[PDB]
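Chemist: Dropping the structure in here first, questions after.
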Amino acid sequence: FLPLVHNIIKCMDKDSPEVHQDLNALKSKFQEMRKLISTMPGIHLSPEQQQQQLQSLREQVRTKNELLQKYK
Amino acid sequence: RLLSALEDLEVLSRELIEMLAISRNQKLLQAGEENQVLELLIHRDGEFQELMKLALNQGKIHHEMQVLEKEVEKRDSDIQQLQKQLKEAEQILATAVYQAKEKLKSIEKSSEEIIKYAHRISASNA
Amino acid sequence: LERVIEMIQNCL
């Protein structure tokens with residue numbers, strides 16, 4: 001998903017040559033990508049909060065493992 | 001924010017086409033005709049060329065979430081086996097063998113006395 | 001006792 005858009009943006013910045021009988025590619029390019037923006041895994045929340053959730057659940061994973069060492 | 005930056009590009013392009021084709025559109029001058037709107041598109045591209053890279057890190061960050069939760073499941077899946085073997089462990093052991101201790105040992109001790117006790121009322125049945 | 005110790009040391 002995400003790496004593709006950077007390629008889509010690159011393609012959309014190298015179009016619209018001239019004016020004649022033409023193909024509505026720029027119109028289909030903002031729509032195609034606009035779907036990609038709606039499908040990004042992570043824009044729904046901030047990045048810092050997700051990273052904090054990682055360590056908080058690593059704390060229990062570490063604690064469980066650490067308490068799994070006293071288990072022996 | 002990202003979606004807004006795109007509807008601007010289409011609207012600016014749509015208005016630009018009208019006044020390069022419709023000669024009577026000179027009076028209705030709006031966005032997508034001057035050089036200021038073109039500069040706004042560049043800034044929108046710059047802002048739009050920053051919010052994706054921030055999101056790419058978010059997706060990788062979210063991927064690290066699944067692997068950790070899998071370890072939590074693995075660290076908790078064995079618990080179902082842990083609880084299964086504790087009930088088995090308790091049932092394996094003969095608990096409260098003190099009753100059998102004071103009963104069996106008392107019978108044993110004396111083994112030399114029970115034999116002599118049973119040698120003198122033998123054939124006790126019909 | 002050995003299985004539990006093996007269980008203790010191993011994931012299973």
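Letters A, B, ... mark the chains of the structure tokens in the order given; residue numbers begin at 1 per chain; ligand numbers begin at 1, in order shown.
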Using only C-alpha atoms, I'd like every residue of chain C that has an atom within 10 Å of chain B; please write them out as a VMD selection string.

Modeler: chain C and resid 1 4 7 to 8 11 to 12

Chemist: Any chance you could export the current selection's N, CA, C and O atoms as a JSON list (two decimals), in the first residue's frame?

Modeler:
[["chain", "number", "residue", "atom", "x", "y", "z"],
["C", 1, "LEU", "N", 7.74, -36.04, 36.98],
["C", 1, "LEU", "CA", 8.72, -35.12, 37.55],
["C", 1, "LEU", "C", 9.73, -34.68, 36.50],
["C", 1, "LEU", "O", 10.08, -33.50, 36.41],
["C", 4, "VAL", "N", 7.66, -32.68, 33.76],
["C", 4, "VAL", "CA", 7.38, -31.32, 34.21],
["C", 4, "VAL", "C", 8.64, -30.47, 34.12],
["C", 4, "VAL", "O", 8.60, -29.33, 33.65],
["C", 7, "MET", "N", 9.00, -29.88, 30.76],
["C", 7, "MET", "CA", 7.98, -28.88, 30.47],
["C", 7, "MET", "C", 8.39, -27.52, 31.01],
["C", 7, "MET", "O", 8.14, -26.49, 30.36],
["C", 8, "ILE", "N", 9.01, -27.48, 32.18],
["C", 8, "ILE", "CA", 9.46, -26.22, 32.75],
["C", 8, "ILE", "C", 10.50, -25.57, 31.85],
["C", 8, "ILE", "O", 10.45, -24.36, 31.58],
["C", 11, "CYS", "N", 8.99, -25.04, 25.92],
["C", 11, "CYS", "CA", 7.73, -24.33, 25.70],
["C", 11, "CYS", "C", 6.54, -25.24, 25.95],
["C", 11, "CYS", "O", 5.59, -24.86, 26.64],
["C", 12, "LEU", "N", 6.57, -26.45, 25.40],
["C", 12, "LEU", "CA", 5.50, -27.42, 25.62],
["C", 12, "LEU", "C", 5.41, -27.76, 27.10],
["C", 12, "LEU", "O", 6.41, -27.68, 27.81]]

Chemist: What are the closest atom pairs, with distances in Å to one decimal, for each residue of chain A lying within 7 Å of chain B, using only C-alpha atoms, rows by chain and rising residue number, as a Markdown table?

Modeler:
| residue | atom | partner | partner_atom | distance |
| --- | --- | --- | --- | --- |
| A:2 | CA | B:56 | CA | 6.0 |
| A:30 | CA | B:6 | CA | 6.7 |
| A:34 | CA | B:3 | CA | 6.8 |
| A:41 | CA | B:59 | CA | 5.3 |
| A:42 | CA | B:58 | CA | 5.0 |
| A:43 | CA | B:55 | CA | 6.0 |
| A:47 | CA | B:58 | CA | 5.5 |
| A:50 | CA | B:61 | CA | 6.9 |
| A:51 | CA | B:61 | CA | 6.6 |
| A:54 | CA | B:65 | CA | 6.3 |
| A:61 | CA | B:72 | CA | 6.6 |

Chemist: Using only C-alpha atoms, what table do you get, as a Markdown table, when you list each residue of chain A with an atom no more than 12 Å from chain C, its nearest pair of atoms, and their distance in Å rounded to one decimal, rows by chain then rising number?

Modeler:
| residue | atom | partner | partner_atom | distance |
| --- | --- | --- | --- | --- |
| A:65 | CA | C:11 | CA | 11.7 |
| A:68 | CA | C:8 | CA | 9.1 |
| A:69 | CA | C:9 | CA | 9.7 |
| A:70 | CA | C:8 | CA | 10.9 |
| A:71 | CA | C:8 | CA | 7.7 |
| A:72 | CA | C:8 | CA | 6.7 |

Chemist: Please produce a file of the residues just selected, as an mmCIF file, in the first residue's frame, where the atoms kept are C-alpha atoms.

Modeler:
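Output file again_28.cif follows:
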data_model
loop_
_atom_site.group_PDB
_atom_site.id
_atom_site.type_symbol
_atom_site.label_atom_id
_atom_site.label_comp_id
_atom_site.auth_asym_id
_atom_site.auth_seq_id
_atom_site.Cartn_x
_atom_site.Cartn_y
_atom_site.Cartn_z
ATOM 1 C CA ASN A 65 9.284 -13.918 30.759
ATOM 2 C CA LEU A 68 8.959 -17.236 33.871
ATOM 3 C CA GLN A 69 12.594 -17.252 35.046
ATOM 4 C CA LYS A 70 11.626 -17.388 38.719
ATOM 5 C CA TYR A 71 9.323 -20.150 37.452
ATOM 6 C CA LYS A 72 12.500 -22.255 37.225
#

Chemist: Have a look at CA of residue 122 (chain B) and CA of residue 105 (chain B) and let me know their distance in Å, one decimal.

Modeler: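 These two atoms are separated by 23.9 Å.
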
Chemist: What residues in chain C get the DSSP label helix (DSSP H, G or I)? Please answer as a PyMOL selection string.

Modeler: chain C and resi 2-9

Chemist: Kindly give the distance, in Å, that separates CA of residue 18 (chain A) and CA of residue 5 (chain B), rounded to a single decimal.

Modeler: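 Value for the CA of residue 18 (chain A)-CA of residue 5 (chain B) distance: 23.7 Å.
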
Chemist: If we count only C-alpha atoms and set the cut-off at 12 Å, which residues sit around residue 29 (chain B), ignoring sequence neighbours fewer than 3 positions away in its own chain? Please answer as number ranges by chain.

Modeler: B: 12, 15-16, 18-20, 22-26, 32-34

Chemist: Could you please determine the separation between CA of residue 17 (chain A) and CA of residue 1 (chain B) in Å, to one decimal place?

Modeler: 28.2 Å
